[PDB]
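The structure appears right after this line, and notes come after that.
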Amino acid sequence: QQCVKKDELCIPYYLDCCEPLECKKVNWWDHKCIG
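Residues are numbered in our numbering as their position in the sequence shown, beginning at 1, plus a constant of 823.
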């Protein structure tokens, strides 16, 4: 499988980065995790 956390790329479709990291939009042409 594949995961996605920390300086990764947010993806809300059906995922949500690992924890305690999050997933949000830095721009409409962009995506990024949080913390």
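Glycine included, each C-beta is placed from N, C-alpha and C at the ideal position.
If the criterion is Cβ atoms closer than 8 Å, does the pair residue i and residue j meet it?
i	j	result
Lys-828	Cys-841	yes
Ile-834	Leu-844	no
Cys-846	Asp-839	yes
Which partner residues of residue i appear in the DSSP bridge assignment?
i	result
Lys-847	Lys-855
For residue i, I'd like the list of residues in its chain whose CB is within less than 7 Å of its CB, leaving aside the five on either flank, ordered along the chain.
i	result
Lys-848	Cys-833, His-854
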